[PDB]
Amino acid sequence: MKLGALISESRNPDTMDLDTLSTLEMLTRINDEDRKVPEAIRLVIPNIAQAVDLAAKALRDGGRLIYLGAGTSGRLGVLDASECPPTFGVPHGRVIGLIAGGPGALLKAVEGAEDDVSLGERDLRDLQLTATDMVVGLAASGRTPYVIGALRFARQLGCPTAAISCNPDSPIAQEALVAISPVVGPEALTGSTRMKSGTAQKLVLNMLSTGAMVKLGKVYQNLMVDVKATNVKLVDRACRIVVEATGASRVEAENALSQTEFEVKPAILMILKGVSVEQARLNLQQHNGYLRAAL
């Protein structure tokens, strides 16, 4: 299809007079569109599940999860990736977001960069992509050249790949192993895919990283046991997690966390089993980091 025929580029029949509405009305129209996004995602949960299982397999097998997009799509990938080290304790190189135009594009849009198919390939080669790594290409339109080129390169190397787009049967969906295609409909402002489509992309990325990290043992119950606590709020949360999980005083909790360099998993073990920091770390290694299995 040509660009002008895409659903993402179509006019929304419920906002044709957007600029003549009162502020309240206009905002209610936008919110009516936002209401559509969680259902669009619900319909593609099976595909997202396939992608979560591939991502978990990739990270377990020593690879990385790499998000790639231009503009908004690229910034959303960087947004999700940036949250993985503080939330799940992984090194920053484990989950990576790439954006067309490089770091400057994080702060100021450079819309021309998206047109180069070879740039997506170049950015992946610059990270020394391997067949174990998983690559997720994001483009609301489903046709951004930067993303097409990146996915083609990853596919030929043997990487598991996923494509997130909001138009059906898109070029990027055709290139990828797993297609995640939440159809959100025409945007309130015609072609403004930063809106519903961007929201959908965010929901999918949060599902991918959270789903994979939970499968990898980086959570316990619904508690953030692999938090990397480097500020007041996070260290306070680390203390509260230990108390929530052991049923022991925050004091025994604080003394154990101090010894573990604020690492929650070994602190919980120390308290529940009455073992040393050193013994707790070895026990967790024996169980591949899964606290449930160590308890």
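Note that residue numbering follows the sequence shown and begins at 1.
- Comparing 262-270 with 55-63, the higher mean C-alpha B-factor in the PDB entry belongs to 55-63.
- Higher mean CA temperature factor, per the PDB entry, when comparing 67-75 with 103-111: 103-111.
- Comparing the C-alpha B-factors of 91, 186, 137, 198 in the entry, the top value falls on 91.
- Listed residues 162, 205, 150, 127 were ranked by CA B-factor as deposited; 127 comes out on top.
- Per the PDB record, residue ranking by Cα B-factor puts residue 48 in the middle third of the chain.
- Ranked by Cα temperature factor within the chain, residue 212 sits in the middle third according to the deposited record.
- In this PDB entry, residue 95 carries a Cα temperature factor that places it within the middle third of its chain's modelled residues.
- Residue 249: CA B factor lies in the highest third for its chain, per the PDB record.
- Ranked by C-alpha B-factor against the other modelled residues of its chain, residue 168 falls in the highest third.
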